[PDB]
Amino acid sequence: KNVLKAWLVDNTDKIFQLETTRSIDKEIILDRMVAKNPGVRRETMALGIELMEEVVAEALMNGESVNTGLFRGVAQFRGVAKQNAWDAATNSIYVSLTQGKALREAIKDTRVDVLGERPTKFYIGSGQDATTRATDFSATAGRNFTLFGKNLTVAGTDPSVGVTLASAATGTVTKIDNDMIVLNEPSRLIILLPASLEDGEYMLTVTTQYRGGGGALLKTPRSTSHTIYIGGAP
Amino acid sequence: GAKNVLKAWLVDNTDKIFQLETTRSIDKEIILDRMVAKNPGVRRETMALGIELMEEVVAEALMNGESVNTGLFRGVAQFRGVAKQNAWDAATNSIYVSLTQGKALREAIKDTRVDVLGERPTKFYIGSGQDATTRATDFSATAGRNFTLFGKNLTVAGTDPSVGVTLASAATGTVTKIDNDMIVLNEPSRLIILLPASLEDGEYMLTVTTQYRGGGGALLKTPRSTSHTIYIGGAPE
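Line by line, the protein sequences give chains A and B.
Residue numbers for the first sequence, in PDB author numbering: 3 to 13, 21 to 243.
Residue numbers for the second sequence, in PDB author numbering: 0, 2 to 13, 21 to 244.
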C-alpha cells in the first residue's frame with residue numbers, strides 16, 4: 003500500500026536515500042484528519058493535540074518513559090559529569106525517541122521504489138549534526154552541520170551561489186553567510202547554522218558554479234537539495 | 000524557577024555520566040486520563056478517536072516518504088543495509104523511522120532542572136544498555152536480537168532457580184524468563200543477552216537476579232535483584 007521512493011548514493022558501497030518530496034506539520038496533519046473523518050471538529054482536534062503534547066512533555070520532564078502507538082520516549086543526559094556536578098554549558102537534557110508499534114506495523118505494508126542513481130554526480134549524500142551526532146538530517150541551530158556529497162564546493166560569481174534554508178512553514182528563504190561555510194570541499198561542507206532560525210523543517214540548498222572535478226566554472230549555477238529539521242538553539 | 005525536575009545518579013561510563028532515575032512508564036490510556044484531568048472540557052472518547060486518527064495520518068505520511076513534524080517530534084523514513092545489485096533486498100534491507108525531539112520538548116527542557124543525587128548507594132545496578140540492531144543507548148531494544156547491559160556485579164551465578172534475567176510486561180505484568188543459555192556474555196560490568204522473538208512491543212521491567220557477590224567472595228545464600236526499564240520493539244521481518 004505505501005511507497006517510499008529511493009535514490010542509489012555512494013556510502021565504497023551503494024546505499025538507499027529517500028527522495029526529497031514533502032514536509033507536513035500540525036496544520037496539514039489537522040487538514041488530513043478532518044478529510045479522513047469529517048465528523049470531527051478541527052478546533053476540538055487542534056485543542057486535543059496541544060493538550061496531549063503538554064501531558065507527554067510534562068511526563069518526560071518528570072522522569073517517565075512515554076509509550077504511544079507512534080513512539081516511545083525517555084529523557085536522556087548529554088555530556089560528561091564534570092567534578093560530580095551539572096554544568097549548563099557542557100551538559101544538556103534531551104528526549105530520545107524510538108519508533109512505536111504503529112510505525113513498525115505500517116512499515117510491513119510499505120514497498121521501496123528504487124529510482125536508481127541520480128543522473129548527475131552532484132548531490133547531498135548524507136549529513137551529521139555536530140551537537141547531537143544525528144545523521145537523519147535533524148540539526149541544531151547555532152551549531153555546526155556537515156554535508157557529505159558530490160561536487161558540493163560553493164564557487165562562482167553569480168548572486169544565487171551559496172547555501173540557503175527555506176522554511177516549510179512560511180516559505181522564507183534564509184541565506185547562510187559565506188563566512189559561515191567553514192569547510193568548502195567537493196565531498197564535504199561544514200556550515201554554522203543560524204541561531205535565530207525557528208524550529209521546523211527547511212529545504213537546504215547548495216547552489217554553485219563549481220564544475221564536477223577539474224576545469225572552468227559553470228556558466229549557469231546548478232542546485233541540489235535535501236530536507237532538514239532544525240531544532241532551536243540550546 | 002524550573003517547573004520540572006529530573007533526578008539523576010552518577011554512574012561509571021575512567022569518567023562519570025548521568026543516569027536518569029525513571030519515575031514510571033505511561034501509555035495512551037494514562038495520557039488520555041491526564042488530558043481529561045487537565046481539561047474537564049474535553050470528552051475522553053473524542054480525544055481517544057483523535058489520537059487514533061492523528062497516528063493513522065502520521066503513519067501514512069511517513070510511509071509515503073514525507074517528513075513529519077509535530078510539537079513532540081520530527082520523523083522521517085530511513086533505510087538500513089547496502090544496495091546489493093542496485094535493488095532492494097527484503098532479506099538484507101529494512102525501513103525504520105528516525106525520530107528527533109520537537110519544539111514542545113525543547114521548550115519543556117528549558118523549564119527543567121536536574122537534581123543530582125550523587126553516586127548510586129549500592130555497587131549492584133544496571134548503569135546503561137545498548138541495542139545491537141539499532142545501536143540505541145536509551146534502553147530501547149529489538150525482540151529476537153541482542154542487548155547489552157552495562158553496570159556493576161551483574162554476573163548471573165548461583166544454584167537458586169530464581170537466578171537469571173526476566174522481563175515483566177508493563178501492560179499485563181506477565182514475566183518472561185530468558186533462558187540462561189541466551190546469556191552470551193556473563194561479566195560483572197557487562198551482560199550480553201539474546202532477547203526472545205515472541206515479545207510483544209512495549210515497555211518492560213528488566214531484572215537481573217543473582218547470588219554473585221561484589222568482587223571476590225563466596226556466593227550469596229539469598230539471591231539479590233536489580234532492575235531497569237526497557238522498551239522492546241517487535242522482532243525484525
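Note that beta-carbon positions come from the ideal geometry of N, C-alpha and C, so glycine has one too.
Next on the checklist: Whole angstroms are fine: how far does the CA of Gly88/A sit from the CA of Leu201/A?
Outcome noted: Each residue's alpha carbon lies about 21 Å from the other.
Checklist entry - Cβ of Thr181/A less than 8 Å from any chain B Cβ? => result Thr181/A does not count as touching chain B.
Next on the checklist: Could you check whether the region 103-112 of chain A touches the region 74-85 of chain A, counting it as contact only if at least three pairs of C-beta atoms, one from each stretch, sit closer than 8 Å?
Outcome noted: Of all C-beta pairs linking the region 103-112 of chain A to the region 74-85 of chain A, three or more are shorter than 8 Å, placing the two stretches in contact.
Item to check | Supposed contact pair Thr53/A and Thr129/B - C-beta distance, whole angstroms, cut 8 Å | outcome: Going by Cβ atoms, the distance from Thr129/B to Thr53/A rounds to 50 Å, so no, they are not a contact pair.
Checklist entry - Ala98/B touches chain A at which residues, Cβ-Cβ below 7 Å? => result Under a criterion of Cβ atoms nearer than 7 Å, no residue of chain A is adjacent to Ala98/B; the nearest Cβ is some 13 Å distant.
Next on the checklist: Based on DSSP bridge pairs, tell me the residues matched to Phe154/B.
Outcome noted: According to DSSP, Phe154/B bridges with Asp138/B, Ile200/B.
Next on the checklist: Looking only at its chain, what residues have a beta carbon closer than 6 Å to the beta carbon of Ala150/B, apart from the 5 residues adjacent to it on each side?
Outcome noted: Within the same chain, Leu202, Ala204, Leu206, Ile239, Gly241, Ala242 come within 6 Å of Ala150/B by CB-CB distance, once the 5 residues on both sides are set aside.
Checklist entry - Relative to the C-alpha of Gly125/B, which residue among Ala2/B, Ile237/B, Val11/B, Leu6/B is closest? => result Closest option to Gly125/B, Cα to Cα, is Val11/B.
Checklist entry - At least one CB of chain B closer than 8 Å to the CB of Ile38/A: is that the case? => result For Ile38/A, the answer is yes, since a Cβ of chain B falls inside 8 Å of its Cβ.
Next on the checklist: Tell me which residues share the same chain as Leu69/B and place their Cβ nearer than 6 Å to its Cβ, disregarding the 5 neighbours each side in the sequence.
Outcome noted: Excluding residues within five positions, the ones whose Cβ falls inside 6 Å are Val75, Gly82, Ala84, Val104.
Next on the checklist: Could you tell me the alpha carbon to alpha carbon distance between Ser232/B and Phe157/B, rounded to whole angstroms?
Outcome noted: Cα to Cα, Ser232/B sits roughly 15 Å from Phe157/B.
Item to check | For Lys184/A, the three-state DSSP class (helix, strand or coil) | outcome: Strand at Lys184/A.
Item to check | Cutoff 8 Å: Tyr219/B Cβ touching any chain A Cβ | outcome: Taking Cβ atoms only, chain A never reaches closer than 8 Å to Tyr219/B, which makes this a no.
Checklist entry - What in chain A is Cβ-close to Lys23/B, meaning under 8 Å? => result Here the neighbours are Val89, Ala90, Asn93.
Item to check | Where the beta strand (DSSP E) containing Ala84/B begins and where it ends | outcome: In the DSSP annotation of this structure, the continuous segment of the beta strand (DSSP E) that includes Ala84/B starts and ends at 80-87.
Item to check | The alpha helix (DSSP H) enclosing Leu161/B, as first and last residue numbers | outcome: Where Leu161/B is concerned, there is no enclosing alpha helix (DSSP H), given that its DSSP letter is neither H nor E.
Item to check | Cut-off 7 Å between Cβ atoms - residues of its own chain near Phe146/A, not counting five sequence neighbours on either side | outcome: Answer for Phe146/A: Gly136, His235, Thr236, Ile237, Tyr238, listed in chain order.
Item to check | Three or more C-beta pairs below 8 Å linking the region 160-172 of chain B and the region 217-232 of chain B | outcome: With the rule of 3 Cβ pairs closer than 8 Å, the region 160-172 of chain B counts as touching the region 217-232 of chain B.
Checklist entry - For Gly221/A, which residues from the same chain have a beta carbon less than 6 Å from its beta carbon, with the 5 sequence-adjacent residues on both sides left out? => result The residues are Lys130, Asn160.
Checklist entry - Is the Cβ of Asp208/B closer than 8 Å to any Cβ of chain A? => result Judged by the 8 Å Cβ criterion, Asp208/B is in contact with chain A.
Checklist entry - Taking a cut of 9 Å between CB atoms, which residues from the region 52-73 of chain B lie near chain A? => result Hits within the stretch, in order: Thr53, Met54, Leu56, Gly57, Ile58, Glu59, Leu60, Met61, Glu62, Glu63, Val64, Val65, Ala66, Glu67, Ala68, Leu69, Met70, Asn71, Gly72, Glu73.
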